[PDB]
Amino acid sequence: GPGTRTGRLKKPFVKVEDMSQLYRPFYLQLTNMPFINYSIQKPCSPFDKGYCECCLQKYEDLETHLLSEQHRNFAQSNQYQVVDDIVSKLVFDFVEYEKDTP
């Protein structure tokens, strides 16, 4: 059982494992496996905080992270040169208005 990490999976289950046995298996145990429900009316299905790539950092709240020292530093850095280089090839073809003066 749980104390010795040894036993058998309670059914029903699905178990997936890499064939070379290098990685942890992954499991699905549900009370009810999926069932195709044809009676439910169409179009219903017949079966009816994050990470910042710039800072390499998980965050608890997005707006607080966007204000962190790490992120503001990145946001104002030269790291977007790769973006700007592509933008410089695009052609601006819209009408641009002067800022409106009250």
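Don't overthink the numbering: it's just position in the shown sequence, from 1. What we label the rigid core is the largest C-alpha set whose atoms superpose within 1.5 Å from one form to the other.
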Give, as the answer, the stretch of 13-21 and 79-87 that departs more from the shown form in 6 other deposited structures of this protein; the measure is RMS Cα distance after a core fit. 13-21
Looking at the other compared entries that model both neighbours, is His71 missing coordinates in at least a third of them? no
I want to check something about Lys49: across the other compared entries that model its neighbours, is it left unbuilt in at least a third? yes
I'd like the number of residues from the deposited sequence that lie between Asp48 and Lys49 yet are not in the model, binned as none, 1 to 3, 4 to 9, or 10 or more. 10 or more
Per the PDB entry, mean CA B-factor is higher for 86-94 or 10-18, namely for 86-94
Of 39-47 and 58-66, the stretch whose C-alpha atoms average the higher B-factor in the entry: 58-66
Split into thirds by Cα B-factor across the chain's modelled residues, where does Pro2 land: lowest, middle or highest? lowest
Looking at the entry's B-factor column for C-alpha atoms only, identify whether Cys52 ranks in the lowest, middle or highest third of its chain. highest
